[PDB]
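Okay, structure first, notes after.
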Protein chains: 2
Amino acid sequence: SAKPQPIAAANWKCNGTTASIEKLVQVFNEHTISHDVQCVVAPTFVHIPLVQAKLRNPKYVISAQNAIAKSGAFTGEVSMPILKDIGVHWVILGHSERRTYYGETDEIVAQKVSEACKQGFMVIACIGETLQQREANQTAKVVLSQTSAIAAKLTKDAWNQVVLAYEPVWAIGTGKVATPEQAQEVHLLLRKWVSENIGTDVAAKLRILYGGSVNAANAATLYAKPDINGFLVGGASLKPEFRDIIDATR
Amino acid sequence: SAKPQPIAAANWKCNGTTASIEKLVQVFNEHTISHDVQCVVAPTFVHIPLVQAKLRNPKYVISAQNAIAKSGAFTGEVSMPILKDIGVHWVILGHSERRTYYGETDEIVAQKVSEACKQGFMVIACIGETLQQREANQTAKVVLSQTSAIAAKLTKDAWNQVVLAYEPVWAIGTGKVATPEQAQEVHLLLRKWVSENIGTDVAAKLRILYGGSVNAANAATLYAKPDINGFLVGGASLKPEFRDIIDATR
């Protein structure tokens, strides 16, 4: 077995001040990372320029938390060509909070992911089941339907730019992290589906991250499973223990 | 008659590159404004820091195109405390495109406007009727219902921070500007409602802007009407003729 390159991604969500972000970024700068891992920080749109100016650790790239495909008459939104023009070419799409609060259905997410791939982004595409779907034994059907709705809009080559993040909705910000065994079963099920429907060569390379109440203590155990390639981290990524989350992908 | 201080507001919507924004801002900097008018520029979230760094004309303030009330687990969004912390204390709320595409009902807009007022923002609150409501002779009922839904969440003192922008939906970006007579009838109807329901002292001071295909040629005629206090400008605010829009409020 050899895993692909791991990703440790910080989703700051709608949080931060200039003061608190300058301290955290200094913490990240001074942490020396000695293994091959892609680190990702996703600040709010307004903080992108501050983080670009301060972040110096060569293992990091900056991501946006959302975008729309095209520039134009969309008051309030930020487009993919605008992010590219300021030097951001990662984006998180179809996070649970957007699917729930802000009306992003599978079709909308799939369209965004496809456009992002056409425009050269690296995409972190989020999927996952609610507690009601999990109790109804629908987990597999839900995550596979969300995944093939995205697959439907993509070409084989575009899977090089795609990272999947499985985040059970009941684990996000609740403190109730999935067990390593729960997460591994889903990750294995996804990798298999990709290997059968897209290609074995695509499946071998695909990073599939776990997210939902990851912290510095439980990270190392989740990362020991064979189909977990790293993490999407909310709450714990606003703290200095994000360093030991990164170091748990060694 | 004496009008309140006029406002000329540029809503760039989801447009701009670093290069095109640096040129435009230079144009605005070099235009000397010799009368009392509050100018407002509303770039995308990502461009706020670039515009703060370059914009030097003392008649301008920077606005956000949207916000949510509170920081927290809202991937993709930007909150009112975050904007205040970077020195932005104007916001446009309940623009047509948000009400239409992104599910902002009257209650959601009213909650945002109320929170923004509590947090000390100057708010540009947008209302207006569609072409179907206008043909059904519902204009007055629609704009008054949108306005009293906001009024319901406010206290009398909070009206000092509120600017209303009437923008018929059929005039936005279409090229089909309302006539000075159409706009004046609505603006008069709104001022009267405020004078009766909130206070005559509030109504005298309230800025009510017109928006919807304003350009440098038609601005001066709209501004000659007694209840029009300036403009919210989309398409024409991305061009150097925004200078003569500003100068039409003399």
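Identifiers in this document derive from the order of the structure tokens: chains are assigned A, B, ..., residues are numbered from 1 separately in each chain, and ligands are numbered from 1 in order of occurrence.
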Provide as a PyMOL selection string the residues of chain B at most 9 Å from chain A, counting only C-alpha atoms. chain B and resi 11-18+44-50+64-67+70-79+81-83+85-86+92+95-98+101-103+173+234-235
In range 105-142 of chain B, DSSP helix (DSSP H, G or I) residues written as a ChimeraX atom specification: /B:106-118,131-135,139-142
As a PyMOL selection string, please: every residue in range 52-173 of chain A that DSSP puts in strand (DSSP E). chain A and resi 60-64+90-93+122-127+162-166
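Using only C-alpha atoms, the protein and nucleic acid residues lying no more than 10 Å from residue 120 in chain B, apart from those fewer than 5 places from it along its own chain, are residues 80, 84, 89, 90, 115, 158 and 161 of chain B.
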I'd like the interatomic distance between CA of residue 184 in chain B and CA of residue 124 in chain B, to a tenth of an Å.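 Computing the Euclidean distance for CA of residue 184 in chain B and CA of residue 124 in chain B yields 18.7 Å.
With only C-alpha atoms taken into account, the protein and nucleic acid residues at most 12 Å from residue 38 in chain B (excluding it and anything under 5 positions from it in its own chain) are residues 4, 5, 6, 7, 8, 9, 10, 33, 57, 58, 59, 60, 61, 62, 63, 90, 122, 163, 207, 229, 230, 231, 232, 246, 247, 249 and 250 of chain B.
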Between CA of residue 105 in chain A and CA of residue 144 in chain A lies a distance of 14.6 Å
So how many Å separate CA of residue 195 in chain B and CA of residue 212 in chain B, to one decimal? 25.1 Å
With only C-alpha atoms as the atoms that count, which of A:134, A:118, A:176, A:243 lies nearest to residue 216 in chain A?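 Using only C-alpha atoms, residue 216 in chain A sits closest to A:243.
If you measure from each of B:148, B:221, B:215, B:32 to residue 197 in chain B using only C-alpha atoms, the closest one turns out to be B:148.
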Residue 128 in chain A: which residues within 10 Å, counting only C-alpha atoms, same-chain residues fewer than 3 positions away excluded, as a list in words? residues 95, 96, 131, 133, 134, 139, 140, 142, 143, 144, 146, 147, 165, 166, 167, 168, 169, 170, 171, 186, 210 and 211 of chain A
Restricting it to C-alpha atoms, dump the selection as a PDB file, in the first residue's frame.
```pdb
ATOM      1  CA  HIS A  95     -20.157  22.359   2.342  1.00  0.00           C
ATOM      2  CA  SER A  96     -23.057  21.136   4.489  1.00  0.00           C
ATOM      3  CA  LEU A 131     -28.309  11.666  11.362  1.00  0.00           C
ATOM      4  CA  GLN A 133     -30.277   9.198   6.836  1.00  0.00           C
ATOM      5  CA  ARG A 134     -27.692   7.331   8.893  1.00  0.00           C
ATOM      6  CA  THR A 139     -25.622   6.414   4.311  1.00  0.00           C
ATOM      7  CA  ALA A 140     -24.253   4.614   1.259  1.00  0.00           C
ATOM      8  CA  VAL A 142     -26.802   9.283   0.033  1.00  0.00           C
ATOM      9  CA  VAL A 143     -23.029   9.707  -0.316  1.00  0.00           C
ATOM     10  CA  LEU A 144     -23.022   7.828  -3.630  1.00  0.00           C
ATOM     11  CA  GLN A 146     -24.108  13.178  -4.031  1.00  0.00           C
ATOM     12  CA  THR A 147     -20.877  11.838  -5.562  1.00  0.00           C
ATOM     13  CA  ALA A 165     -14.344  15.504   1.887  1.00  0.00           C
ATOM     14  CA  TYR A 166     -16.753  13.146   3.644  1.00  0.00           C
ATOM     15  CA  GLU A 167     -18.270  14.980   6.599  1.00  0.00           C
ATOM     16  CA  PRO A 168     -21.268  13.314   8.283  1.00  0.00           C
ATOM     17  CA  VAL A 169     -23.604  16.198   9.098  1.00  0.00           C
ATOM     18  CA  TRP A 170     -24.051  14.945  12.657  1.00  0.00           C
ATOM     19  CA  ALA A 171     -20.300  15.179  13.273  1.00  0.00           C
ATOM     20  CA  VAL A 186     -17.583   5.124   3.918  1.00  0.00           C
ATOM     21  CA  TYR A 210     -12.648  13.095   6.713  1.00  0.00           C
ATOM     22  CA  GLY A 211     -14.172  16.109   8.488  1.00  0.00           C
TER      23      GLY A 211
END
```
